[PDB]
Amino acid sequence: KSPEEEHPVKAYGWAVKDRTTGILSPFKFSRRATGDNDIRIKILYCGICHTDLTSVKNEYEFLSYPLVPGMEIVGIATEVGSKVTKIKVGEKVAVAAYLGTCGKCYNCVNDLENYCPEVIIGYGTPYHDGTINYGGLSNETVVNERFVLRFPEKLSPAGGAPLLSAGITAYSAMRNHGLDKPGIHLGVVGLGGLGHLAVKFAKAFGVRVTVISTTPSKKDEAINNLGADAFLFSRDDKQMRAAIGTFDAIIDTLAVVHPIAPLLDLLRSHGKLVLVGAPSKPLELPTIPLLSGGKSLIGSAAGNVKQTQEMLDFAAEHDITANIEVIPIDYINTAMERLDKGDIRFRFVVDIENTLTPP
Amino acid sequence: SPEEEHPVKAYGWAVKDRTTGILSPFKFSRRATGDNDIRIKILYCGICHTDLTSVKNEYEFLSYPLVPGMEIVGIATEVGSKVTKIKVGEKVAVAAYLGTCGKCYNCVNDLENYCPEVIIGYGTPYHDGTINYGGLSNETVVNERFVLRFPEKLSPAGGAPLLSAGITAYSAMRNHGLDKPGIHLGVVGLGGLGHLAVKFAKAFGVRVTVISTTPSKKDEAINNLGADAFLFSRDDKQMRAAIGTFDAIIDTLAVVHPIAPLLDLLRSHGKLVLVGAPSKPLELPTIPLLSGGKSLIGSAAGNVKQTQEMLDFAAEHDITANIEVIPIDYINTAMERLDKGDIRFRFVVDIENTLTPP
Ligand SMILES: [Zn+2]
Ligand SMILES: [Zn+2]
């Protein structure tokens with residue numbers, strides 16, 4: 001069938017129609033009717049993350065096109081299924097970075113569902129009904145209540161949107177591995193959308209933070225704007241040899257290939273290097289440092305919906321928001337170009353309600 | 001000069017030309033017994049892959065002539081004035097390392113094997129600047145801190161490989177909770193380290209699947225060792241069937257090899273423990289690591305308190321290595337066989353009866 005015929009309820013947004021160019025354009029489609037456990041969401045803001053860019057750059061083999069990207073959604077519940085009681089129509093809600101899970105593995109039943117082997121990602125893949133999921137650059141969406149969050153009333157809807165993928169990924173990796181207790185000297189490699197949010201949460205956790213980066217012109221943003229206690233330029237072997245053995249843990253946010261040996265030397269014995277960015281190619285692990293130091297390489301991806309709701313409540317109390325540029329949807333293609341060059345501090349957020357036009 | 005460097009004469013075998021790797025008879029000397037030192041008459045010295053890598057000229061920092069060997073079992077012949085833990089004439093063993101700085105965090109809390117300035121068994125300077133000579137020699141002198149009491153009821157020959165291979169397996173399991181029944185543990189590589197990892201797991205009551213590329217080890221793994229299962233690491237069907245079934249995996253391989261298949265074998269949040277030291281670097285796929293939320297963990301040997309505790313746990317549960325006792329002048333042939341994995345599972349040199357005086 002056609003996108004507008006495939007489902008009963010009409011919907012519209014922007015979508016990459018030709019995967020070889022990556023250009024989004026207005027797109028008409030449809031969404032399933034509200035099930036008994038479903039929430040219909042009028043989308044207000046949609047953050048743009050690196051996953052969107054990679055998708056747009058035609059580097060995701062499995063994705064179906066036309067592709068409606070966007071997986072950091074903030075909106076309003078317009079309709080709720082018969083069985084839904086946690087949310088009422090008219091309340092502010094947010095969507096998790098994933099839309100569903102098998103529901104029968106250990107992870108799912110113990111509320112660690114983001115690690116389910118059969119996790120359904122925000123968009124580009126089939127749902128439990130076989131139909132491709134359309135993401136957040138659209139006027140409305142429908143999501144199972146389990147994967148819909150309650151948005152704190154005292155949190156900027158626009159500024160809170162990037163928390164739903166970038167935020168949770170940093171929050172969960174820190175909480176789950178004990179990088180949230182005051183006293184720790186924590187390194188954050190890479191000052192991007194993910195990196196800048198790792199710094200904000202650490203400061204609100206009371207953690208000493210050195211921003212590790214290549215770009216030396218980010219020093220001012222790292223210290224003055226973000227609140228980093230120190231800054232390491234990753235070319236000055238004087239700085240490097242001085243910091244050897246000084247870090248209890250390091251969060252690596254880099255999406256690009258990069259050496260690992262220098263980062264392990266920066267750790268004290270039994271220190272942990274947490275990888276949360278998805279490198280394009282595989283990196284090379286230096287066994288000699290890992291073994292002699294007794295160090296750990298640890299991967300982390302997003303977080304469970306219970307963590308996501310707890311993180312959202314923790315950001316209202318401590319006024320944690322992202323540094324965002326709110327853009328109209330027809331600026332998306334220019335924004336993608338700027339994101340490809342790192343020409344953003346630090347997060348695009350599309351205003352869906354006011355800049356998306358029906359037809 | 002080697003014969004003059006210290007007052008007391010000694011002899012062994014050594015690699016004189018680092019470019020060939022051939023050991024030959026070698027005369028040298030050792031320091032006099034300090035106030036806190038124990039002199040050990042060496043009986044048996046295990047041979048590990050570290051020795052082979054050393055003789056294969058893959059450690060640039062090692063000084064030559066190189067006397068290898070770091071799994072020493074012997075007898076204390078004479079002890080310093082202050083030494084009280086050991087009595088002359090009792091069986092002793094040496095740790096895989098010879099000294100530490102003594103004032104970093106690791107040192108002062110008895111985690112000294114992770115000291116940044118740890119002095120390895122041989123080939124690097126001691127606290128007095130002189131190169132250390134390893135266990136393929138007639139006697140050694142070691143600070144009392146790094147000398148262990150060898151249980152009387154334990155084979156000196158079969159116990160020798162515990163001091164590097166054993167402790168490395170023991171500590172990696174104890175430190176990461178791979179010693180409590182309920183765990184499905186994988187052991188990659190059925191060599192000296194791998195086979196001893198299996199024995200300790202059985203005595204811990206842990207379920208052990210041996211993962212190997214050599215299908216001819218299946219019979220020894222299951223019947224002789226006691227492995228609960230055996231997985232051929234190139235049999236895709238077998239591998240794709242075990243996906244997600246392992247709580248942890250101990251990787252003992254000294255050679256470069258893919259890790260992505262080993263990560264799929266782990267359940268979410270599972271741990272891959274590295275105890276083998278490949279010369280070259282491995283290729284780390286981040287997609288499996290991230291999506292599964294898994295961990296890559298390195299481990300090296302263990303502390304002297306653990307090493308003594310491991311030695312006491314092996315006496316009680318009768319854990320020894322499966323060894324071939326060899327004369328010292330067979331060492332060059334033994335290295336060749338070890339390079340091809342033609343051993344089940346550990347060479348042990350008989351120093352007392354086969355080392356000839358100078
Ligand atoms: Zn599941
Ligand atoms: Zn030390």
# chains A, B, ... in the order shown; residues from 1 in each chain; ligands from 1
$ interface_residues --of "chain A" --to "chain B" --cutoff "7 Å" --atoms "only C-alpha atoms" --output "list in words"
residues 115, 269, 276, 278, 279, 282, 283, 284, 285, 286, 287, 288, 290, 291, 292, 293, 294, 295, 296, 297, 298, 299, 300 and 301 of chain A
$ residues_around --residues "residue 30 of chain B" --least-positions-apart "5" --cutoff "7 Å" --atoms "only C-alpha atoms" --output "ChimeraX atom specification"
/B:6-10
$ residues_around --residues "residue 344 of chain B" --least-positions-apart "2" --cutoff "10 Å" --atoms "only C-alpha atoms" --output "ChimeraX atom specification"
/B:190-192,195,217,220,321-324,338,341-342,346-347
$ write_last_selection --atoms "N, CA, C and O atoms" --output "tab-separated table (two decimals), in the first residue's frame"
chain	number	residue	atom	x	y	z
B	190	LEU	N	42.57	-23.46	25.27
B	190	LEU	CA	42.91	-24.55	26.19
B	190	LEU	C	44.42	-24.75	26.20
B	190	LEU	O	44.97	-25.73	25.69
B	191	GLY	N	45.10	-23.81	26.85
B	191	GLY	CA	46.53	-23.88	27.03
B	191	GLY	C	46.89	-23.98	28.50
B	191	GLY	O	46.06	-24.41	29.31
B	192	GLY	N	48.12	-23.60	28.86
B	192	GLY	CA	48.51	-23.63	30.26
B	192	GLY	C	47.59	-22.80	31.14
B	192	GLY	O	47.15	-23.25	32.21
B	195	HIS	N	43.65	-24.25	30.72
B	195	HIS	CA	43.37	-25.51	31.40
B	195	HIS	C	43.33	-25.33	32.91
B	195	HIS	O	42.56	-26.02	33.59
B	217	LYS	N	41.07	-31.22	21.24
B	217	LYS	CA	41.15	-31.05	22.68
B	217	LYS	C	39.85	-31.38	23.40
B	217	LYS	O	39.82	-31.39	24.63
B	220	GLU	N	40.14	-34.31	26.05
B	220	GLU	CA	40.82	-33.89	27.27
B	220	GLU	C	39.98	-32.89	28.05
B	220	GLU	O	39.92	-32.95	29.29
B	321	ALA	N	48.76	-28.59	37.82
B	321	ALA	CA	48.79	-28.52	36.37
B	321	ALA	C	49.18	-29.88	35.79
B	321	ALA	O	49.87	-30.68	36.42
B	322	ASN	N	48.71	-30.13	34.57
B	322	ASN	CA	49.13	-31.30	33.80
B	322	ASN	C	50.42	-30.94	33.07
B	322	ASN	O	50.40	-30.14	32.13
B	323	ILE	N	51.53	-31.54	33.49
B	323	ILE	CA	52.84	-31.06	33.10
B	323	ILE	C	53.66	-32.16	32.45
B	323	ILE	O	53.41	-33.36	32.61
B	324	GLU	N	54.65	-31.72	31.67
B	324	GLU	CA	55.75	-32.56	31.19
B	324	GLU	C	57.04	-32.03	31.80
B	324	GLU	O	57.44	-30.89	31.52
B	338	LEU	N	55.91	-25.28	22.11
B	338	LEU	CA	54.95	-24.34	22.66
B	338	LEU	C	54.46	-23.36	21.60
B	338	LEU	O	53.29	-22.94	21.64
B	341	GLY	N	51.64	-24.99	20.01
B	341	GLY	CA	50.67	-25.55	20.93
B	341	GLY	C	50.74	-27.05	21.10
B	341	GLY	O	49.73	-27.68	21.43
B	342	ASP	N	51.92	-27.65	20.88
B	342	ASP	CA	52.10	-29.09	21.02
B	342	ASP	C	52.50	-29.45	22.45
B	342	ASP	O	53.57	-29.99	22.73
B	346	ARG	N	51.63	-27.98	30.05
B	346	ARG	CA	52.63	-27.07	30.63
B	346	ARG	C	53.98	-27.77	30.75
B	346	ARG	O	54.07	-28.83	31.36
B	347	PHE	N	55.01	-27.16	30.17
B	347	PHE	CA	56.39	-27.58	30.42
B	347	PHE	C	56.86	-27.09	31.78
B	347	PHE	O	56.56	-25.97	32.20
$ residues_near_ligand --ligand "ligand 1" --cutoff "7 Å" --atoms "only C-alpha atoms and all ligand atoms" --output "mmCIF file with C-alpha atoms, in the first residue's frame"
data_model
loop_
_atom_site.group_PDB
_atom_site.id
_atom_site.type_symbol
_atom_site.label_atom_id
_atom_site.label_comp_id
_atom_site.auth_asym_id
_atom_site.auth_seq_id
_atom_site.Cartn_x
_atom_site.Cartn_y
_atom_site.Cartn_z
ATOM 1 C CA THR A 101 10.650 -4.664 22.787
ATOM 2 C CA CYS A 102 10.009 -8.404 22.601
ATOM 3 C CA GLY A 103 8.523 -8.240 26.098
ATOM 4 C CA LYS A 104 9.541 -11.777 27.123
ATOM 5 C CA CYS A 105 13.307 -11.759 27.730
ATOM 6 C CA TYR A 106 15.003 -11.178 31.087
ATOM 7 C CA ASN A 107 15.809 -7.554 30.237
ATOM 8 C CA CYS A 108 12.196 -6.708 29.355
ATOM 9 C CA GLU A 113 14.313 -3.245 28.279
ATOM 10 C CA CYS A 116 16.490 -6.209 24.767
ATOM 11 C CA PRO A 117 17.908 -8.099 21.754
ATOM 12 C CA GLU A 118 14.754 -7.240 19.768
ATOM 13 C CA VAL A 119 14.476 -3.563 20.685
#
$ select_by_dssp --residues "segment 119-201 of chain A" --states "strand (DSSP E)" --output "ChimeraX atom specification"
/A:120-121,140-144,148-150,185-189
$ write_last_selection --atoms "N, CA, C and O atoms" --output "short mmCIF file (atom, residue, chain, number, x, y, z; two decimals), in the first residue's frame"
data_model
loop_
_atom_site.label_atom_id
_atom_site.label_comp_id
_atom_site.auth_asym_id
_atom_site.auth_seq_id
_atom_site.Cartn_x
_atom_site.Cartn_y
_atom_site.Cartn_z
N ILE A 120 13.03 -2.22 19.29
CA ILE A 120 12.59 -1.51 18.09
C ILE A 120 13.00 -0.05 18.24
O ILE A 120 12.56 0.63 19.17
N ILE A 121 13.85 0.42 17.32
CA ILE A 121 14.44 1.75 17.39
C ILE A 121 13.44 2.80 16.92
O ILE A 121 12.39 2.47 16.34
N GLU A 140 2.14 14.20 14.43
CA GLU A 140 1.66 13.39 15.54
C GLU A 140 2.33 12.03 15.50
O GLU A 140 2.86 11.61 14.46
N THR A 141 2.30 11.33 16.63
CA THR A 141 2.78 9.96 16.70
C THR A 141 1.91 9.19 17.68
O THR A 141 1.15 9.76 18.46
N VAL A 142 2.04 7.86 17.63
CA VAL A 142 1.35 6.95 18.53
C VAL A 142 2.40 6.01 19.12
O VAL A 142 3.21 5.45 18.38
N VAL A 143 2.36 5.83 20.44
CA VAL A 143 3.38 5.07 21.16
C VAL A 143 2.72 4.31 22.29
O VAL A 143 1.81 4.83 22.96
N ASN A 144 3.16 3.07 22.50
CA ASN A 144 2.73 2.30 23.66
C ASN A 144 3.06 3.04 24.95
O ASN A 144 4.12 3.66 25.07
N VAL A 148 6.24 5.95 26.84
CA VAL A 148 5.88 7.36 26.92
C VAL A 148 6.18 7.85 28.33
O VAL A 148 5.83 7.18 29.31
N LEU A 149 6.85 9.00 28.44
CA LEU A 149 7.26 9.56 29.71
C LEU A 149 6.39 10.77 30.07
O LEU A 149 5.79 11.41 29.20
N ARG A 150 6.32 11.06 31.37
CA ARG A 150 5.66 12.26 31.87
C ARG A 150 6.66 13.41 31.90
O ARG A 150 7.69 13.32 32.58
N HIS A 185 37.31 12.19 39.85
CA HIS A 185 37.86 12.96 38.74
C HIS A 185 37.45 12.28 37.43
O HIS A 185 38.02 11.26 37.05
N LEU A 186 36.46 12.86 36.76
CA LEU A 186 35.85 12.27 35.56
C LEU A 186 36.32 13.02 34.32
O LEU A 186 36.30 14.25 34.28
N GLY A 187 36.72 12.26 33.30
CA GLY A 187 37.01 12.82 31.98
C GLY A 187 35.84 12.65 31.03
O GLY A 187 35.17 11.62 31.03
N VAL A 188 35.60 13.68 30.21
CA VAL A 188 34.61 13.64 29.15
C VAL A 188 35.31 13.96 27.83
O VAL A 188 35.74 15.10 27.61
N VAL A 189 35.43 12.96 26.96
CA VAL A 189 36.06 13.14 25.66
C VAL A 189 35.01 13.53 24.63
O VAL A 189 34.03 12.80 24.43
#
$ residues_near_ligand --ligand "ligand 2" --cutoff "6 Å" --atoms "only C-alpha atoms and all ligand atoms" --output "mmCIF file with C-alpha atoms, in the first residue's frame"
data_model
loop_
_atom_site.group_PDB
_atom_site.id
_atom_site.type_symbol
_atom_site.label_atom_id
_atom_site.label_comp_id
_atom_site.auth_asym_id
_atom_site.auth_seq_id
_atom_site.Cartn_x
_atom_site.Cartn_y
_atom_site.Cartn_z
ATOM 1 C CA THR B 100 57.312 -2.633 44.003
ATOM 2 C CA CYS B 101 57.729 1.079 44.747
ATOM 3 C CA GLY B 102 56.003 0.571 48.107
ATOM 4 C CA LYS B 103 54.378 4.016 48.446
ATOM 5 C CA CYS B 104 51.690 4.270 45.762
ATOM 6 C CA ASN B 106 48.311 -0.108 45.158
ATOM 7 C CA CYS B 107 51.476 -0.984 47.095
ATOM 8 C CA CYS B 115 51.842 -0.949 40.967
ATOM 9 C CA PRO B 116 52.884 1.443 38.160
ATOM 10 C CA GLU B 117 56.540 0.570 38.882
#
$ closest_residue --among "B:335, B:75, B:160, B:154" --to "residue 318 of chain B" --atoms "only C-alpha atoms"
B:154
$ select_by_dssp --residues "segment 13-202 of chain A" --states "alpha helix (DSSP H)" --output "PyMOL selection string"
chain A and resi 50-56+106-109+157-160+166-176+193-202
$ atom_distance --atom1 "atom CA of residue 83 of chain A" --atom2 "atom CA of residue 37 of chain A"
5.7 Å
$ residues_around --residues "residue 77 of chain B" --least-positions-apart "2" --cutoff "6 Å" --atoms "only C-alpha atoms" --output "PyMOL selection string"
chain B and resi 39-40+88-89
$ write_last_selection --atoms "C-alpha atoms" --output "compact mmCIF listing (two decimals), in the first residue's frame"
# COMPACT_ATOMS: atom_id res chain seq x y z
CA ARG B 39 67.88 -17.40 49.14
CA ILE B 40 66.04 -20.13 47.22
CA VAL B 88 65.54 -22.59 56.33
CA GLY B 89 64.81 -25.90 54.61
$ closest_residue --among "A:88, A:19, A:235, A:31" --to "residue 63 of chain A" --atoms "only C-alpha atoms"
A:19
$ residues_around --residues "residue 57 of chain B" --least-positions-apart "2" --cutoff "8 Å" --atoms "only C-alpha atoms" --output "ChimeraX atom specification"
/B:18-19,21,53-55,59-60
$ write_last_selection --atoms "N, CA and C atoms" --output "short mmCIF file (atom, residue, chain, number, x, y, z; two decimals), in the first residue's frame"
data_model
loop_
_atom_site.label_atom_id
_atom_site.label_comp_id
_atom_site.auth_asym_id
_atom_site.auth_seq_id
_atom_site.Cartn_x
_atom_site.Cartn_y
_atom_site.Cartn_z
N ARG B 18 69.47 -11.90 21.20
CA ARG B 18 68.03 -11.68 21.14
C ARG B 18 67.45 -11.89 19.75
N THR B 19 68.29 -11.95 18.71
CA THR B 19 67.80 -12.08 17.35
C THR B 19 67.48 -13.52 16.98
N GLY B 21 66.94 -16.13 19.72
CA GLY B 21 66.09 -16.66 20.76
C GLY B 21 66.57 -17.96 21.37
N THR B 53 57.27 -15.43 24.31
CA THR B 53 57.26 -14.09 23.73
C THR B 53 58.60 -13.38 23.95
N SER B 54 59.13 -13.44 25.17
CA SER B 54 60.45 -12.89 25.45
C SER B 54 61.52 -13.47 24.52
N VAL B 55 61.61 -14.80 24.42
CA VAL B 55 62.64 -15.39 23.56
C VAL B 55 62.37 -15.09 22.10
N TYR B 59 59.54 -8.11 23.16
CA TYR B 59 59.52 -7.12 24.23
C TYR B 59 60.79 -6.28 24.10
N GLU B 60 60.64 -5.06 23.56
CA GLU B 60 61.81 -4.23 23.28
C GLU B 60 62.57 -3.87 24.55
#
$ residues_around --residues "residue 331 of chain A" --least-positions-apart "4" --cutoff "10 Å" --atoms "only C-alpha atoms" --output "VMD selection string"
chain A and resid 24 327 335 to 336 350 355
$ write_last_selection --atoms "C-alpha atoms" --output "short mmCIF file (atom, residue, chain, number, x, y, z; two decimals), in the first residue's frame"
data_model
loop_
_atom_site.label_atom_id
_atom_site.label_comp_id
_atom_site.auth_asym_id
_atom_site.auth_seq_id
_atom_site.Cartn_x
_atom_site.Cartn_y
_atom_site.Cartn_z
CA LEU A 24 14.34 15.80 3.59
CA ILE A 327 14.82 25.84 14.08
CA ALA A 335 21.06 22.16 9.98
CA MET A 336 22.29 18.70 8.91
CA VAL A 350 12.86 21.53 15.56
CA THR A 355 6.62 25.48 11.46
#
$ closest_residue --among "A:9, A:94, A:264, A:332" --to "residue 151 of chain A" --atoms "only C-alpha atoms"
A:94
$ atom_distance --atom1 "atom CA of residue 356 of chain A" --atom2 "atom CA of residue 329 of chain A"
6.3 Å
$ residues_around --residues "residue 179 of chain A" --least-positions-apart "6" --cutoff "10 Å" --atoms "only C-alpha atoms" --output "PDB file with C-alpha atoms, in the first residue's frame"
ATOM      1  CA  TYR A 171      22.812   9.875  32.673  1.00  0.00           C
ATOM      2  CA  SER A 172      22.463   6.078  32.596  1.00  0.00           C
ATOM      3  CA  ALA A 173      26.147   5.415  31.895  1.00  0.00           C
ATOM      4  CA  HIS A 185      37.863  12.964  38.737  1.00  0.00           C
ATOM      5  CA  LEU A 186      35.854  12.274  35.565  1.00  0.00           C
ATOM      6  CA  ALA A 202      28.405  15.615  36.409  1.00  0.00           C
ATOM      7  CA  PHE A 205      26.284  15.265  40.657  1.00  0.00           C
ATOM      8  CA  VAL A 207      31.933  15.544  40.247  1.00  0.00           C
ATOM      9  CA  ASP A 248      39.085   7.486  37.995  1.00  0.00           C
ATOM     10  CA  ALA A 249      36.907   7.145  34.874  1.00  0.00           C
ATOM     11  CA  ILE A 250      36.393   8.590  31.391  1.00  0.00           C
ATOM     12  CA  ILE A 251      33.245   8.877  29.245  1.00  0.00           C
ATOM     13  CA  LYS A 272      36.895   2.519  33.610  1.00  0.00           C
TER      14      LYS A 272
END
$ atom_distance --atom1 "atom CA of residue 161 of chain A" --atom2 "atom CA of residue 74 of chain A"
5.9 Å
